Amino acid sequence: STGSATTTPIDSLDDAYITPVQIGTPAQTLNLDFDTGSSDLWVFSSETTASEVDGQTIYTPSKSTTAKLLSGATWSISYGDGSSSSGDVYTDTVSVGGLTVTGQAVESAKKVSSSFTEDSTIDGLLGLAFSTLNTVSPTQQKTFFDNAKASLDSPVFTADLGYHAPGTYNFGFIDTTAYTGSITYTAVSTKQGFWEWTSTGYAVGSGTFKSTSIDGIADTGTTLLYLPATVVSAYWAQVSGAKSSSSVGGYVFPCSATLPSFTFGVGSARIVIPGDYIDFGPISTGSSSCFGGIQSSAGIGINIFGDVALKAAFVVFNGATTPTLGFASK
């Protein structure tokens, strides 16, 4: 089997992407944030504290003839941005782009933190990291991909995120029309539960390529590119007036600037992030100070190849017995 679904930016800045997901019988369609940096499929629901729901579409398990309470199971997750959610668990039928899993754990939120409530466009998350990170207790549950894998034509999914435009998540096949050149594959460590890999270096604009190993995670659920302070300083030094602002929470730059590109290495291959992808707009409405899309990972504890990086590539998440990651230009 295969599946193919369009993913759409939630706003004009590509702060996140939503993908429609069918849950239950009859189908209830929710727009979920596909997150290769976590491993829980959780939804706003009829069980979510009413004051914490503000415009989201909810899953109502009592209206699904295929929903079954997973007795005794609870979940609770905290994300790198400080947000969190928790609740109980159902199993139900879940379909993405024509690909159907029966008996998928659907984690129903009883509580969500303010950031989730305040974002009316995201109805929940669909985790695509390794199932070892799944938070369901006392019996850990499998991700959608893990449950689908054996049925797929090939044990892969691909992320093709758009810049200020829709893109595609495919399951079970590689669309050879969706990228240019060849796909370069690189080793993955699953030791931390992430799609963790090592970039071979970077360049800033038309500058020379610096060969240096940068370990980090391919994370569709993180907006920006978080890299070591040395790398980030080298980037922003090429932008007149750019500075790190402790009050704002990162590098800012004059909105009048033309940003240079940023290149990262995948083996001997190179992915170029155009400068415009690195512009996240005014820090506050009407400001002429703009927020940068490349930020320091210092104090996160891990480098994160988030959407800013991934949207410059066609990315293969290869879930073979030994997983690997593939990157192509597009």
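Take the sequence shown: its letter number 210 is residue 210 in the authors' numbering, and every next letter is one higher. Ideal placement from N, C-alpha and C gives every residue a C-beta, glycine not left out.
If you run the structure through DSSP and keep just helix, strand and coil, what is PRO61? helix
Measure the C-alpha to C-alpha separation of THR93 and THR121 and round it to an integer number of angstroms. 23 Å
Three-state secondary structure assigned by DSSP to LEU325: strand
Going by DSSP, what residue range makes up the beta strand (DSSP E) through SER95? 84-96
Does the pairing of the region 257-264 with the region 175-191 give three or more beta-carbon distances under 8 Å? no
Among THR143, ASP88, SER83 and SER64, which residue has its Cα nearest to the Cα of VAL101? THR143
Beta-carbon contacts of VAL272 that lie in its chain and below 6 Å, excluding the five residues immediately before and after: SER261 and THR263
Suppose you measure from the CA of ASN318 to the CA of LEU325; what does that come to, to the nearest Å? 6 Å
Identity of the residues DSSP links to residue 347 by a beta bridge: Absent from the structure is residue 347, since the part of the chain shown begins at 1 and ends at 330.
For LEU69, the residue or residues it bridges with in DSSP: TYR90
Cα-Cα separation between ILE18 and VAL112, rounded to whole angstroms: 18 Å
Note the first and the last residue of the continuous alpha helix (DSSP H) segment covering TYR235. 229-236
When the Cα of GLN295 is compared with those of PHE280, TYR251, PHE305 and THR258, which residue comes out closest? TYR251
Does the region 290-309 touch the region 225-245, meaning 3 or more C-beta pairs lie closer than 8 Å? yes
Using only the alpha-carbon positions, how far apart do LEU70 and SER108 sit? 11 Å
Limits of the unbroken alpha helix (DSSP H) element including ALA313: Taken as a continuous stretch (DSSP letters only), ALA313 belongs to no alpha helix (DSSP H), as it is neither H nor E.
Let me know if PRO9 comes out buried or exposed under the rule of 16 or more other beta-carbons within 10 Å of its beta-carbon. buried
Whole-angstrom distance between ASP219 and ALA129, CA atom to CA atom: 9 Å
Can you list, in chain order, the residues of its chain whose CB lies under 6 Å from that of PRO166, leaving out five sequence neighbours each side? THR6 and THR8
What does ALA105 pair with, by DSSP beta-bridge criteria? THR91
Kindly indicate which three-state DSSP category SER154 falls into: helix, strand or coil? coil
Using a Cβ-Cβ cut-off of 6 Å (strictly less than) and excluding sequence neighbours within five positions of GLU52, which residues of its own chain qualify? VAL112 and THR117
Segment limits, beta strand (DSSP E) that includes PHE144: It is not in any beta strand (DSSP E) - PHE144 instead sits in the alpha helix (DSSP H) that spans 144-148.
So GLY37 and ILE217 are in contact, right, with Cβ under 8 Å, and what is the actual spacing, rounded? 6 Å
For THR132, name the three-state secondary structure that DSSP assigns. helix
Would you mind stating whether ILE214 and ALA328 have Cβ atoms separated by less than 8 Å? no
Among residues of its own chain, excluding the 5 on either side of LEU225, which ones have a beta-carbon nearer than 6 Å to its beta-carbon? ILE294, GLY306, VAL308 and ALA309
Reduced DSSP secondary structure (H/G/I, E/B, other) of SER296: strand
Which residue or residues does DSSP assign as beta-bridge partners of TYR277? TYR277 is not bridged to any residue.
Just how far apart, CA to CA, sit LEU133 and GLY72? 19 Å
What residues are listed by DSSP as bridge partners for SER78? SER84
Could you tell me the distance, in whole angstroms, from the CA atom of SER114 to the CA atom of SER64? 28 Å
Using the Cα positions of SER246 and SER4, report the straight-line distance between them to the nearest angstrom. 42 Å
If you check the beta carbons only, do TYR90 and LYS68 fall under 8 Å apart? yes
Same chain only: Cβ atoms within 6 Å of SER46, ignoring 5 sequence neighbours per side: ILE58 and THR60
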